[PDB]
Undergrad: 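Have a look at the structure that comes next, please.
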Amino acid sequence: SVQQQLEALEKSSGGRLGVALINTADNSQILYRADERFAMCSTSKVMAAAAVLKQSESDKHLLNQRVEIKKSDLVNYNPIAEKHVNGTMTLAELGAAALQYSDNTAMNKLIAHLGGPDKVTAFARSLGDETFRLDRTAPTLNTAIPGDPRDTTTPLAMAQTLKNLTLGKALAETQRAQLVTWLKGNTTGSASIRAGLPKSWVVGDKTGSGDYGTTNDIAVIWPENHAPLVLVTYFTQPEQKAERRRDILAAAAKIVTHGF
């Protein structure tokens, strides 16, 4: 069975696997350690970007506003923000970089503009997500230390919230459509969830990778002839310098989507 397949996958992987799939056709779900906390890592960027979109619903000027990119803003990873040192980037462009290239500088600007990590948590709360919690900026929010509650959430919680953001009540139509466009254009997840699904399926996702070989991916999937599916696959390991295993996420995705 699916459950027996996942536990077997987990057992041979050498880590801890968290899975949460919601079939919007009938709201049925497939859960594996879905109520356990995991470090979100860069998948938390979706909540930061969405927080800015919610504000833009009340300020038609926000998204095009500018922020200047200094050389001191560059952190451990910023492939897009680097191309703009001494120049500027609009909040929209920062949202794009943070999500489609997982630019860490871009994420920080968004957090800064919102007023800090605590504000992102409040936004999550306003959405009915009582699990999510952002405590730090990039890149320290990626330490993913076992048992550390900072910057974590559960698979089910993130699945429920990702659903509300992309297919439900969370955002106004234009903003919601913008978030979806950003997710579909992601360039960092070909070896993760996407790798475990039929080539024709349309997918929008946000990956994450941190210490303890933490490998994550949350996505919205549009089959050719069925209602959408929302999937969260989190994976983490016992040793601080373990390698990431994007292939485990692909395997989990194939296991749970069998039949759609």
Side-chain angles (χ1 to χ4, degrees), residues 38-56 62-85 87-124 127 129 132-145 148 150-153 158 161-162 165-166 170-171 175 178-189 192 204-211 214-219 232 234 244:
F38 293 73
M40 295 179 281
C41 288
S42 296
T43 62
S44 67
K45 296 183 179 178
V46 177
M47 192 68 79
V52 173
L53 293 176
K54 174 53 72 179
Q55 295 184 317
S56 69
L62 196 60
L63 264 49
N64 290 306
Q65 187 199 301
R66 288 171 177 169
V67 309
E68 300 176 295
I69 302 299
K70 302 185 171 185
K71 203 66 179 182
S72 61
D73 295 315
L74 308 187
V75 288
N76 70 308
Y77 187 81
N78 26 244
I80 304 302
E82 71 190 334
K83 300 169 178 293
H84 304 294
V85 176
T88 71
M89 283 186 83
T90 53
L91 285 183
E93 277 161 25
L94 288 171
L99 299 180
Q100 309 188 319
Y101 293 86
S102 199
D103 186 296
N104 287 324
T105 297
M107 166 62 151
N108 292 322
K109 289 306 174 60
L110 300 178
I111 300 173
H113 166 280
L114 295 169
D118 62 276
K119 303 270 57 64
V120 180
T121 304
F123 170 63
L127 297 192
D129 190 328
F132 177 102
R133 63 172 286 177
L134 186 67
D135 299 279
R136 306 117 93 195
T137 58
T140 52
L141 67 79
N142 302 285
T143 57
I145 297 162
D148 189 343
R150 294 178 297 174
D151 310 289
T152 63
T153 194
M158 191 58 96
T161 292
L162 184 62
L165 289 167
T166 67
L171 300 162
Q175 288 65 43
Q178 177 61 279
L179 179 58
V180 169
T181 294
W182 281 334
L183 295 174
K184 284 182 179 179
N186 182 41
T187 77
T188 66
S192 297
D205 81 297
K206 181 66 198 88
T207 49
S209 50
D211 286 338
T214 302
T215 322
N216 308 332
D217 201 21
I218 70 179
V232 170
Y234 287 165
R244 288 105 182 206

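Both backbone and side-chain heavy atoms feed into the values below; hydrogens, waters and symmetry mates do not. We're numbering straight along the sequence, starting at 1.
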Undergrad: Please check this pair: side chain of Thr188 against backbone of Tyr101, looking for a donor-acceptor N/O pair closer than 3.5 Å.
TA: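 Not confirmed, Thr188 side chain does not pair with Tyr101 backbone.
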Undergrad: So, using side-chain contact (heavy atoms from CB on, under 4.5 Å) as the criterion, who are the partners of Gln175 when residues are at least two apart?
TA: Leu53, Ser56, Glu57, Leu171, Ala172
Undergrad: Working to the nearest 0.5 angstrom, can you tell me the gap between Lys206 NZ and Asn186 CG?
TA: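 Rounded to the nearest 0.5 Å, the NZ-CG separation comes out at 6.0 Å.
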Undergrad: Taking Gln100 for its side chain and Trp182 for its backbone only, find out whether a donor-acceptor pair lies under 3.5 Å.
TA: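 Indeed, once roles are kept as given, a pair shorter than 3.5 Å links the two residues.
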Undergrad: Rounded at 0.5 Å granularity, tell me how far CG in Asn142 sits from CE in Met40.
TA: 10.5 Å
Undergrad: Contact between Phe38 and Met158 at the side-chain level, heavy atoms closer than 4.5 Å - yes or no?
TA: no
Undergrad: Residues two or more places apart in sequence or in another chain: which of them pass side chain to side chain donor-acceptor pair (under 3.5 Å) with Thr215?
TA: none
Undergrad: On a heavy-atom basis, which atom in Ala98 and which in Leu110 lie closest, and how many Å separate them?
TA: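 It is CB-CD1, 4.1 Å.
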Undergrad: What's the separation between atom OG in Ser42 and atom CG in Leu99, rounded to the nearest 0.5 Å?
TA: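 Here the interatomic distance stands at 10.0 Å.
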Undergrad: Whether the side chain of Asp103 engages the backbone of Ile80 through a donor-acceptor N/O pair (distance < 3.5 Å, no angle test) should be reported.
TA: yes
Undergrad: The criterion is side chain to side chain donor-acceptor pair (under 3.5 Å); which residues satisfy it with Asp148, sequence neighbours excluded?
TA: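 Applying side chain to side chain donor-acceptor pair (under 3.5 Å) to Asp148 gives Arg150.
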Undergrad: Holding to side-chain contact (heavy atoms from CB on, under 4.5 Å), I want the full list of residues that pass it with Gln55, two or more places apart in sequence or in another chain.
TA: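 So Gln55 forms a side-chain contact (heavy atoms from CB on, under 4.5 Å) with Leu62, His113, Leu114.
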Undergrad: Which residues pass the salt bridge (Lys or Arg N to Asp or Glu O under 4.0 Å) test with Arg244, not counting sequence neighbours?
TA: none
Undergrad: Could you please spell out the steps behind the side-chain contact (heavy atoms from CB on, under 4.5 Å) verdict for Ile145 and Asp211?
TA: CA-CA 7 Å; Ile145 297 162; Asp211 286 338; over 6 Å; no
Undergrad: Does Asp135 have any salt bridge (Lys or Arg N to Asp or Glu O under 4.0 Å) partners at least two apart in sequence or in another chain, and if so, which?
TA: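 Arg133.
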Undergrad: If you compare all heavy atoms of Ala97 against all heavy atoms of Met89, which two are closest, and at what distance to 0.1 Å?
TA: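 In this case the closest contact between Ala97 and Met89 is CB-CE, 4.3 Å.
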Undergrad: Nearest heavy-atom pair of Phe132 and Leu134: which atoms, and what distance?
TA: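 That would be CE2-N, 3.7 Å.
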Undergrad: Which residues pass the side chain to side chain donor-acceptor pair (under 3.5 Å) test with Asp151, sequence neighbours left out?
TA: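 Once residues adjacent in sequence are excluded, the partners of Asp151 under the side chain to side chain donor-acceptor pair (under 3.5 Å) criterion are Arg136.
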Undergrad: Testing the basics here: between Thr43 and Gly208, what is the closest heavy-atom pair and its distance to 0.1 Å?
TA: CG2-N, 4.0 Å
Undergrad: Name all residues meeting the salt bridge (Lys or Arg N to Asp or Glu O under 4.0 Å) criterion together with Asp73; count only those two or more places apart in sequence or in a different chain, and write none if there are none.
TA: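 With neighbours one apart ignored, the set is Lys109.
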Undergrad: Taking side-chain contact (heavy atoms from CB on, under 4.5 Å) as the test, write out the residues that go with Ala144, two or more places apart.
TA: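 For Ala144 the side-chain contact (heavy atoms from CB on, under 4.5 Å) partners, ignoring immediate neighbours, are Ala39, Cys41, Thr214.
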Undergrad: Please list, chain by chain and in numerical order, all residues satisfying side-chain contact (heavy atoms from CB on, under 4.5 Å) with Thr181, sequence neighbours excluded.
TA: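 If we apply the side-chain contact (heavy atoms from CB on, under 4.5 Å) test to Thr181, skipping adjacent residues, the hits are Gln178.
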Undergrad: Which heavy atom in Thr90 sits nearest to a heavy atom in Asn64, and how many Å separate them?
TA: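 Minimum heavy-atom contact is CG2-O, 3.2 Å.
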Undergrad: CG of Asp205 to CD1 of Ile218: how many Å apart, nearest 0.5 Å?
TA: 8.5 Å
Undergrad: If you round to the nearest 0.5 Å, how far is OG1 of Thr88 from CD of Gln65?
TA: 10.5 Å
Undergrad: A quick test of your reading: do over 12 heavy atoms of other residues, nucleotides or ligands sit less than 6.0 Å from CD of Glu82?
TA: yes
Undergrad: For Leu165, which of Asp129, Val180, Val46 qualifies under side chain to side chain contact (heavy atoms under 4.5 Å, CB included)?
TA: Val46
Undergrad: Tell me, please, which residues at least two apart from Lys45 pass side chain to side chain donor-acceptor pair (under 3.5 Å).
TA: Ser102, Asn104
Undergrad: Quick one: closest heavy-atom pair of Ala138 and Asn108, and the distance?
TA: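 Looks like N-OD1, 2.9 Å.
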